[PDB]
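Just below is one structure, and these are the notes that go with it.
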Amino acid sequence: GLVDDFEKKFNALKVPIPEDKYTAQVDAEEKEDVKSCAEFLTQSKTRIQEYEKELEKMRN
Amino acid sequence: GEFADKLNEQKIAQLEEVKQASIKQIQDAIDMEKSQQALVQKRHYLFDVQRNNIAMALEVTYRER
């Protein structure tokens, strides 16, 4: 019963799925949002405001 | 007579710089907005490529096993 032994053993042997120990990207992302996202966007908005304010005057 | 010409040419010159500034600034409101739009969507993709890569690499691994 080698074959029987093996067929059994083969089935209902559950091969492990590899741990995803690798999504530190999620983190490196959230980081570059501190960075890119807020910081840049905040300054860009403020610059667009003044530009707009500067076009304000010029209309008069 | 000249009183006018210098002043007039002055007055035009002005609005000529005025229209100019005005184009140049609104072009810049424009650039800024593109810069933004980009940093928006845009940037995530980098990390998405990375996450995708992982997902696949585990699948291949599972299959290979």
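Residues in the structure tokens are numbered from 1 in each chain, the chains being A, B, ... in the order shown, and ligands are numbered from 1 in the order shown.
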Residue set, chain A restricted to alpha helix (DSSP H), as a ChimeraX atom specification:
/A:2-10,25-32,41-58
As a list in words, please: the residues near residue 39 of chain B (cut-off 9 Å, only C-alpha atoms, same-chain neighbours under 4 positions excluded).
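Answer for this query is residues 36, 37, 40 and 41 of chain A; 34, 35, 43 and 44 of chain B.
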Residues of chain B within 10 Å of chain A, counting only C-alpha atoms - could you list those as a PyMOL selection string?
chain B and resi 15+18-19+21-23+25-26+28-33+35-37+39-40+43-44+46-48+50-51+54-55+57-59+61-63+65
